[PDB]
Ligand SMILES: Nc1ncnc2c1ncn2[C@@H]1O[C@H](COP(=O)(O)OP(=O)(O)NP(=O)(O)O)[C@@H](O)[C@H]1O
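Given next, in structure tokens, is a single chain: the form solved without this ligand.
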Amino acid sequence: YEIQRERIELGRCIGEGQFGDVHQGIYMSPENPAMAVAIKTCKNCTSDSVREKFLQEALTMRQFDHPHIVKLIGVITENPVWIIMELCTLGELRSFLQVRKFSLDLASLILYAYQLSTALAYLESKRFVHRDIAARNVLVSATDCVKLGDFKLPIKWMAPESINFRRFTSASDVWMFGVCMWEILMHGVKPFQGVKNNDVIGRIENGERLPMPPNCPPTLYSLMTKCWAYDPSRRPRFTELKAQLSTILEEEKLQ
């Protein structure tokens, strides 16, 4: 998986990332003389602790093979350290939804939720807990294809047990996925806008929930609500979510 620097041509900055900017580029590879790729960069990679955390993402990504999870291509482990990944040419999901707010139909939004559920059901099948499911970590490969893209605390996305006791489980992932579904159906608006992070848990405990997005099918909002059961053992698993989302999507396409 080590790639010689000389085989990479660093191109335009596509977006921000957790450890540094993400660029598009070309990988002049033996299998392909001009492969379009994404290049994740890392500021402060001269620090051993930062470099270790950055590259741990690559190792994680390498364990998975799913159509809706971004694939690792390689790494450059000399300074400046780079991760080379599959390029998703339409970029970050939040910006895509905001820009295309009045161009994207409901069926497309439901499709993106369904596709992410397939990825998350696969991760569940491997007993992998993600801990940071949110629209900001989803990438858009085509107008009909999104991928999970990324493997201080995102309080506004977190299950109550995660906020209170730092417990992250398959059940807390479902809570977060509910918030991600809300975000999609809101065309990339963040949850709890105008609320301080410290006040979020109090509202959740008081039984308050994100409201039904405009134009959201009632069946879909109901599914969101199930993801936000206070008691984690009452939340659905991803097999159920995937199945229900498939039905909802087909219903919507029959419109």
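So that there is no doubt, residue numbering starts at 1 and follows the sequence shown.
Here the subject shifts to the form solved in complex with this ligand, a form of this protein not shown in this document.
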> Say this ligand is put on the shown chain the way it sits in the deposited complex, by superposing the C-alphas near its site; is the site then open or blocked (3+ ligand atoms within 2.4 Å of backbone or C-beta)?
Replying inline: blocked
> Which single stretch, out of 81 to 89, 158 to 166, 106 to 114, 180 to 188, brings residue heavy atoms within 4.5 Å of this ligand in the deposited complex?
Replying inline: 81 to 89
>> Please tell me which of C227, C42, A38, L220 lies within 4.5 Å of this ligand in the deposited complex, judged by heavy atoms.
In response: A38
> With the cut-off set at 4.5 Å between non-hydrogen atoms, does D132 touch this ligand in the deposited complex?
Replying inline: yes
>> Taking this ligand as it sits in the deposited complex, is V70 in contact with it (heavy atom to heavy atom, 4.5 Å or less)?
In response: yes
> Is there any non-hydrogen atom of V22 lying within 4.5 Å of this ligand in the deposited complex?
Replying inline: yes
> According to a 4.5 angstroms non-hydrogen atom cut-off, is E124 in contact with this ligand in the deposited complex?
Replying inline: no
>> Do any residues of 144 to 183 have a non-hydrogen atom within 4.5 angstroms of this ligand in the deposited complex? If so, which ones, in sequence order?
In response: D150
